[PDB]
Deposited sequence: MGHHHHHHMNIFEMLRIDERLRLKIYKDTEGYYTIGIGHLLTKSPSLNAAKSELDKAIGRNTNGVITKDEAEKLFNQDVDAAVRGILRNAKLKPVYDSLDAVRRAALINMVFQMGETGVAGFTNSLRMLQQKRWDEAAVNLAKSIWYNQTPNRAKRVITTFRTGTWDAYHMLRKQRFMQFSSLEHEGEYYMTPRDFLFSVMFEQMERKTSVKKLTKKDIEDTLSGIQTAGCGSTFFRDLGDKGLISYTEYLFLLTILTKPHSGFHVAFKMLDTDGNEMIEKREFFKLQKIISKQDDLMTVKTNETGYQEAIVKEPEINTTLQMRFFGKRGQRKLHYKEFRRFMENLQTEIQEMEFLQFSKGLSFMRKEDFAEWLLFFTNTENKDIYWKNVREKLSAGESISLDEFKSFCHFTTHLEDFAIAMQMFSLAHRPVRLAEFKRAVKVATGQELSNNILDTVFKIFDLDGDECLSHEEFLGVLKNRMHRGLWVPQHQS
């Protein structure tokens, strides 16, 4: 939630020296090195700011030293600018980040030529400011970044930046090919299950990516079979996360949106801009075409794969989950694992009962993918403020989602989330907990 993370979304880490848009040798996280086509000077001005003319490649540790020195100089630049500083001080903490973002990118003085927009910002004429900035050469040169910044000025929010999900991806990615990070399928699976504790691309890694697909099973063990033999871009990671919680209907929207030419088939060209998915969906040399039935099945199998993996994680390798094991999963799924009241319900309110099978657990997970259908079906209960009894809940799940929850799954749900002891779940006790994570 801060300028530093904003700018690592906006300015991408590059450990080799590189020409920018403007053509200047640059390095790290948008560090400007020299304004001289002399590359020899690019390693000189580099040196006394580093400890060595270069090393060819810088490494990340020092790249962050640079990035910190720039960000503060940027702030210092603004604070000692007559035109910028008043504006800067009228601004809330987030808008200041937006304006620091601007100076970091263009310099204190460039951002000082934006006379009118600066006026409007001080007046908190957010809308006129956003409109005027969007006509600038700066917008035209880097419109995706300028839009994110402008939206920050308009809304005083971080909605334009998804700082958390870019942080997850880098924390689990294990491969790199010229500044671009990559997950393996093992990395991807760990990232949806664990909070934490889970190199550069080579010709082996790429060759493994095809042969892995040749050896991996084609169903719900695809990613576990692949393991580290594969590659997933940041964009494909976000794509899978966006769709993996959806019912089938959401798969079909995603497919129709890829299918730009309308022939009910995805071509590698229609897919995002070789990864594991590209090879799976479009074959090795990129001329297989993906039909919806195959896409749907793939997404279904990945959902199942994730369910089976999480089941064995919380069962600790046993064939059945204890009710207490399912309860622990429920806390993490509902994002309530740090609320003491729920842990107390687990330890003290849960009968020893039958253990919970994989199939029962999968039915519960299937139900969770149809939550909005279930919420809509439950609206008379919710609007009436009428807490729901176990039997009525069971029936509603079956009617609204097709799923059969066992009394033992449902007993566990009710014992965990019934907070006032009436043996019923009010709207805030369960629906409110979900998606108001």
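Visitor: Give the ranges of the deposited sequence, numbered from 1, for which the structure holds no C-alpha coordinates, in sequence order.
Guide: No C-alpha coordinates exist for 1 to 8, 207 to 211, 287 to 317, 482 to 493.
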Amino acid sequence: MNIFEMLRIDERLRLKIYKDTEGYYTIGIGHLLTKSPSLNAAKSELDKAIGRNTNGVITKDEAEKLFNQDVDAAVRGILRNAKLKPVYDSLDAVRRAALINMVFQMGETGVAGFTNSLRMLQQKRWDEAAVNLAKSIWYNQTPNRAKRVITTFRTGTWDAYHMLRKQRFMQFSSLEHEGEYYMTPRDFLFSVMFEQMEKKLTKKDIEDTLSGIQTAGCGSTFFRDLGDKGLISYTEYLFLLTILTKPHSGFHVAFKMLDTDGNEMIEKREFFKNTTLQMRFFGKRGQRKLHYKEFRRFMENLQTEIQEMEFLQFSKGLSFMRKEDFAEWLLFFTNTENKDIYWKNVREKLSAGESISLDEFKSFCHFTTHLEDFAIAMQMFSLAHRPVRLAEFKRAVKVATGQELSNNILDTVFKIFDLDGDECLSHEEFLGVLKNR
From here on, numbers count along this sequence of modelled residues.
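Visitor: As stated in the PDB record, which stretch has the larger average Cα B-factor, 217 to 225 or 106 to 114?
Guide: The stretch with the larger mean CA B-factor is 106 to 114.
Visitor: On mean Cα temperature factor in this entry, is 286 to 294 or 86 to 94 the higher one?
Guide: Looking at the recorded C-alpha B-factors, 86 to 94 comes out higher on average.
Visitor: Could you check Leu410, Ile376, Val388, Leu33 and tell me which one carries the biggest Cα B-factor in the deposited entry?
Guide: The listed residue with the largest C-alpha B-factor is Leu33.
Visitor: Per the PDB entry, which option out of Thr54, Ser382, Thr368, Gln403 has the greatest Cα B factor?
Guide: The listed residue with the largest C-alpha B-factor is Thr54.
Visitor: Give the position of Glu300 by CA B-factor within its chain, expressed as the lowest, middle or highest third.
Guide: For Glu300, whose C-alpha B-factor we compare with every modelled residue in the chain, the answer is the lowest third.
Visitor: Ordered by C-alpha B-factor within the chain, which third holds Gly179? Give me lowest, middle or highest, please.
Guide: For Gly179, whose C-alpha B-factor we compare with every modelled residue in the chain, the answer is the highest third.
Visitor: Split the chain's modelled residues into thirds by Cα B-factor; is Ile416 in the lowest, middle or highest one?
Guide: As the PDB entry reports it, the C-alpha B-factor of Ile416 lands in the lowest third of its chain.
Visitor: Please place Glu392 in the lowest, middle or highest third of its chain according to the CA B-factor in the PDB entry.
Guide: Lowest third.
Visitor: Where does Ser363 sit by CA temperature factor within its chain: lowest, middle or highest third?
Guide: Bottom third by C-alpha B-factor.
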